[PDB]
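Asks: here are the coordinates; sequence isn't available:
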Ligand SMILES: *[C@@H]1O[C@H](CO)[C@@H](O[C@@H]2O[C@H](CO)[C@@H](O[C@@H]3O[C@H](CO[C@H]4O[C@H](CO[C@H]5O[C@H](CO)[C@@H](O)[C@H](O)[C@@H]5O[C@H]5O[C@H](CO)[C@@H](O)[C@H](O)[C@@H]5O)[C@@H](O)[C@H](O)[C@@H]4O)[C@@H](O)[C@H](O[C@H]4O[C@H](CO)[C@@H](O)[C@H](O)[C@@H]4O[C@H]4O[C@H](CO)[C@@H](O)[C@H](O)[C@@H]4O[C@H]4O[C@H](CO)[C@@H](O)[C@H](O)[C@@H]4O)[C@@H]3O)[C@H](O)[C@H]2NC(C)=O)[C@H](O)[C@H]1NC(C)=O
Ligand SMILES: *[C@@H]1O[C@H](CO)[C@@H](O[C@@H]2O[C@H](CO)[C@@H](O[C@@H]3O[C@H](CO)[C@@H](O)[C@H](O[C@H]4O[C@H](CO)[C@@H](O)[C@H](O)[C@@H]4O)[C@@H]3O)[C@H](O)[C@H]2NC(C)=O)[C@H](O)[C@H]1NC(C)=O
Ligand SMILES: *[C@@H]1O[C@H](CO)[C@@H](O[C@@H]2O[C@H](CO)[C@@H](O[C@@H]3O[C@H](CO)[C@@H](O)[C@H](O)[C@@H]3O)[C@H](O)[C@H]2NC(C)=O)[C@H](O)[C@H]1NC(C)=O
């Protein structure tokens, strides 16, 4: 199990509901509500979209949102745009004072 | 082990020969101890030999 | 609070009894401490000064 | 604003070791954790280890237990990661990050608040 589990790729037209979920063990997302999501376009940074499960840092549009349910944390989606066509990675708290990342994603807005 | 600048609150990592359950046999084992419970052993100068 | 994520280490010492000790410290090393609200302490010491 | 401008890309062949340096500006260096993450060419993303730039204490992914050792020079404002025992699987676009603020009273090291990043280097183990 390479790091956290994630879908390989997800998609959906504007107006459609989406969730790009990320799942870990009891030594993982369950405990501390420590999960975050990234926005990587090609040849750029993994732009910083969500952290502390639900919060969005400054510079983020408040369409983006997140959530936790026990062993998984779901990226919550609204109002798709051509900018949302992007990777959606996942990194969280891993035990023994580490983090553990996710397999990634590619969105294709339809 | 040592750290400089700022501040450091470290404790010592001290090894000691232990008598295992076989009285003939001994093995090297270690434990971490806070400084107040650890005192240098020899009245002569030695930077590594300590006592409880 | 003691923030350090200490570990339990056990050592057999003589026939059938175990000595315990700390193993590696997990995570980053930090300082133990205790907190008090400032204005409540000022109020306590002022009311004690009144007496 | 804030940047953690890394070095340029440099590569050796499998079995050797390589280097990447991670600068910082303008914010102070000794005040936030420095994190190293790896994004392999046909994979998701990985984590190398966290650097405490003040005391030098570090922890690293158990995959890289002996293969990686992190260091820093606070006066310059730069941090170093050196990966040994290389393979082609150790190709990636390597990134360097400021993690969370450092308090003396609690452990914020493992918080994945990968706020600001380095500008990236293409280390194909060639
Ligand atoms: C017992 O009692 C003790 C205390 O008595 C108690 O300990 C306290 O616990 C608190 C709870 O955790 C803790 O609070 C945190 O404090 C963090 C630090 O905030 C202070 O410091 C910064 C310093 O800023 C630097 O750098 C900036 C540039 O970035 C610069 O502008 C500044 O001038 C300064 O510069 C440095 O470099 C200069 C170079 O020249 C130099 O000149 C300067 O001198 C300096 O060296 C200030 O900016 C702050 O305003 C504060 O003064 C604080 O960051 C932290 O909040 C973050 O984390 C929280 C969770 O821990 C989140 O909930 C929160 O949202 C924050 O998250 C943001 O920040 C993190 C970094 O940690 C980042 O990774 C995130 O992505 C996120 O980013 C978003 O917000 C930031 C703004 O922060 C935006 O900029 C971004 O764009 C994003 O939008 C906590 O608030 C407190 O510090 C601690 N007390 C002490 C003394 O340590 C203890 O817990 C008690 N015991 C018990 C048991 O309870
Ligand atoms: C504080 O210290 C404690 C230890 O005193 C520490 O908790 C430990 O965390 C490790 C993880 O780093 C736990 O190890 C697990 O062991 C089980 C075997 O029972 C494995 O199944 C686990 O691995 C699975 O999950 C991984 C993802 O996390 C997968 O990648 C992997 O493929 C496996 O499927 C894992 O190795 C260990 O059990 C705990 N021990 C205790 C006593 O809690 C804790 O993390 C430290 N930090 C904090 C903030 O508490
Ligand atoms: C406290 O001190 C003891 C020793 O005095 C430390 O234990 C030693 O840790 C090292 C590093 O892990 C061990 O050596 C390594 O072993 C592996 C084998 O997998 C090898 O591949 C490495 O090259 C290296 O040699 C060593 O065996 C171990 N010693 C004992 C007796 O267990 C301990 O880590 C110290 N702890 C702290 C917190 O300082």
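Replies: That came through fine. Residues are numbered from 1 along each chain as shown, chains lettered A, B, ... in the order given. Ligands and ions are numbered 1, 2, ... in the order given.

Asks: may I see the buried residues of stretch D:93-110?
Replies: Buried residues in stretch D:93-110, counting neighbours by 16 or more other C-beta atoms under 10 Å in any protein chain shown, are found at D:93-100, D:102, D:107-110. C-betas here are computed from N, CA, C, even on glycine.

Asks: pick out the residue of chain D closest to chain A.
Replies: Checking chain D residue by residue against chain A with C-beta to the nearest C-beta singles out residue D:44 as nearest, at 3.6 Å.

Asks: for residue 18, what are its contacts?
Replies: Just so you know, I chose chain A. By C-beta atoms under 8 Å, 6 or more residues apart in numbering or on different chains, the contact set of residue A:18 is A:10, A:12, A:75, A:77, A:80, A:107.

Asks: look at chain D instead
Replies: Applying C-beta under 8 Å, 6+ apart, the residues near residue D:18 are D:10-12, D:82-83, D:86, D:123, D:125.

Asks: max pairwise distance over the buried residues of stretch D:93-110: which two?
Replies: Put simply, by C-beta to C-beta the two of those set farthest apart are D:93 and D:107, 29.3 Å from each other.

Asks: ranges for the strands of chain C?
Replies: Along chain C, the segments classed as strands by DSSP state E run C:8-12, C:18-22.

Asks: shouldn't residue D:89 be in contact with residue D:40?
Replies: Yes: contact between residue D:89 and residue D:40 holds when scored by C-beta atoms under 8 Å: they sit 7.2 Å apart.

Asks: near chain A at all, stretch D:115-122?
Replies: Yes: with C-beta under 8 Å from any C-beta of the partner chain as the measure, stretch D:115-122 is seen reaching chain A through D:115-117, D:119-120.

Asks: follow-up on the earlier one: type out the PyMOL command that picks the buried ones from the contacts of residue D:18.
Replies: A single PyMOL command suffices to select whichever of the contacts of residue D:18 are buried according to 16+ other C-beta under 10 Å:
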select buried, chain D and resi 83+86+123+125
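
Asks: how about the residue of chain A found nearest chain B: what's its closest non-neighbour residue?
Replies: Using C-beta to the nearest C-beta, the point where chain A gets nearest to chain B is residue A:97, with a distance of 16.5 Å. For residue A:97, ignoring the flanking residues on the chain, the nearest one in space by C-beta to C-beta, 6 or more residues apart in numbering or on different chains is residue C:27 at 3.5 Å.

Asks: could you check how many residues crowd around that neighbour?
Replies: Number of residues near residue C:27 (other C-beta atoms under 10 Å in any protein chain shown) recorded here: 20.

Asks: quick check on it: phi, psi?
Replies: Per-residue torsions, residue C:27: phi 80, psi -160 (degrees, to the nearest 10).

Asks: which strand is the longest one in chain D?
Replies: strand D:92-101.

Asks: list the neighbours of that one that are in contact with it.
Replies: A:45-46, D:2, D:4, D:6, D:20, D:22, D:24, D:27, D:31-41, D:46, D:50, D:79, D:81, D:108-109, D:111-118, D:120-123.

Asks: now the helices for chain C?
Replies: Shown for chain C, the helices assigned by DSSP state H span residues C:38-50.

Asks: ligand 1 contacts on that one?
Replies: Within reach of ligand 1 by C-beta under 6 Å from any ligand atom, chain C has these residues: C:1, C:35.

Asks: what does chain C put close to chain D?
Replies: So far as C-beta under 8 Å from any C-beta goes, chain C lies against chain D at C:3-5, C:27-31, C:33.

Asks: now the buried members of those residues.
Replies: Buried, going by 16+ other C-beta under 10 Å: C:3-4, C:27-30, out of these.

Asks: other SSEs contacting whichever helix or strand comes after the longest strand of chain D?
Replies: For strand D:92-101, the succeeding helix or strand toward the C-terminus, using DSSP states H and E, is strand D:116-117. The criterion is 3 or more C-beta pairs under 8 Å, 6 or more residues apart in numbering or on different chains; DSSP states H and E, and the helices and strands that strand D:116-117 contacts are strand D:92-101.

Asks: so is the strand it packs on next to ligand 1?
Replies: Yes: using C-beta under 6 Å from any ligand atom, strand D:92-101 reaches ligand 1 at D:100-101.

Asks: let me see the contact set for the residue nearest to residue A:97.
Replies: Contacts for residue C:27 (C-beta under 8 Å, 6+ apart) come out as A:96-97, C:4-5, D:59, D:107, D:109-110.
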